[PDB]
Each structure stands twice: as C-alpha cells, then as structure tokens.
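J.: the data below comprise the sequence and an experimental structure of the protein.
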Amino acid sequence: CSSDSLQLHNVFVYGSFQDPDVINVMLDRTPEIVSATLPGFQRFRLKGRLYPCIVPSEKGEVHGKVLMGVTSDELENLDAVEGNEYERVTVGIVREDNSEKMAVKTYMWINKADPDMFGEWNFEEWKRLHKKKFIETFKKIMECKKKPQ
C-alpha cells in the first residue's frame, strides 16, 4: 500500500464493481486495484434476478479485488448505489501479493439465509481441483507407503 488511505478509501469488490471499466464510467477513474482474499466470506454467483453477493461463510474465502485510493464522495456514492440491496461492512482481506492482511469495506448481502443466491462460485469449483495441486506432492508420498503414483 502506497495509495495513502486516510481520506482515501479502500473497498473490496465483488459483483458489479469488479470491473475497472464500469468504475471509470460510474465515477470517473479507477482506484488502484489489488487482488485480495476475504476469508470467512463466500461469494455466490448469478445475474438477472440476483447478482454475485457476499455472505459470511466459515468454510469459504473470496478472492477478489480491492479498489484503493477512492475519494469520499464516490465512497458514499458506492454506498448509495450498492446500499439498495447490500450493506457497507468492514472486513479483513489479505493481499494476494504478500500475505499481508488489511481492513477494507465491502458490501455484504444482508439476507444471510437466501435460496436465490445459491450457486457454486468458480473459485469453489476450482478450490476442489486446486486441492489436487497440493495432492501432487502427496501423490509421490504413496511410494513410501506401498505404491508409487
């Protein structure tokens, strides 16, 4: 972080604002974006009736992006825009750069028990096969056990 976030703000994006092009249009510019991980939350996916939302999931983590260096008018404007169906909450995200943790705002889905948002996110599906990446180092370990794989 060198964007200076005192009077400037940093927000973790998820749905509509996860694209910098819409950011340039909706406000003017696009704050420095960083890949961050929000542990303890999960993003769901859909478009049409409902959109990608963020809900507290103990078994989940959301890899998304953080917009840092946004001005206060726009920060309230984001609250105005997202506030229609979301609430602005503070969360802890981890830099996918290092392993640094930060506290940012994000918009969380207010209805915690919702069947409309129910869908497996790309990352959940990938998290499954992503296991295999770890398993690869274990897969060799079977040789010692009985059978090299």
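T.: Alright, I've got the coordinates. Residues are numbered from 1 along each chain as shown.

J.: name the SS class of residue 50, please.
T.: Three-state secondary structure (criterion: DSSP: H, G, I helix; E, B strand; the rest coil) places residue 50 in coil.

J.: and it, how many neighbours does it have?
T.: When neighbours are defined as other CB atoms under 10 Å, residue 50 has 17 of them. C-beta: built from backbone N, CA, C; applies to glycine.

J.: OK, contacts around the closest residue to it other than its chain neighbours?
T.: Across the structure, with CB to CB, 6 or more residues apart in numbering as the measure, the residue nearest residue 50 apart from its sequence neighbours is residue 116 (4.7 Å). By CB atoms under 8 Å, 6 or more residues apart in numbering, the contact set of residue 116 is 46, 49, 50.

J.: okay, the residues you listed in JSON lines with distance to residue 72 next?
T.: As requested, these are exported to JSON lines (distance: CB to CB, whole Å):
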{"residue": "46", "distance to residue 72": "31"}
{"residue": "49", "distance to residue 72": "32"}
{"residue": "50", "distance to residue 72": "29"}
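
J.: need the helices for this protein, in chain order.
T.: With helices called from DSSP state H, the chain shows them at 20-26, 72-82, 122-145.

J.: give me the buried positions along the last one.
T.: Of the residues in helix 122-145, those buried by neighbour count under the rule 16 or more other CB atoms under 10 Å are 123, 124.

J.: which outside residues touch that helix?
T.: Taking CB under 8 Å, 6+ apart as the criterion, the residues outside helix 122-145 that touch it are 42, 43, 45, 60, 62, 63, 148, 149.

J.: any of the residues you listed buried? List them.
T.: Among these, those classed as buried by 16+ other CB under 10 Å are 42, 43, 45, 60, 62, 63.

J.: which non-adjacent residue is nearest the last one?
T.: Spelled out, it's residue 63. The shortest distance from residue 63 to any non-neighbouring residue, by CB to CB, 6+ apart, is to residue 37 (5.1 Å).

J.: OK, contacts around the one you found?
T.: Taking CB under 8 Å, 6+ apart as the definition, contacts of residue 37 comprise 61, 62, 63, 64, 93, 94, 96.

J.: now for the spatially most central residue of the chain: which residues touch it?
T.: Against the mean C-alpha coordinate of the chain, by CA atoms, centre = their mean, the closest residue is residue 64 at 3.3 Å. By CB under 8 Å, 6+ apart, the contact list for residue 64 reads 12, 13, 14, 18, 35, 36, 37, 38, 43.
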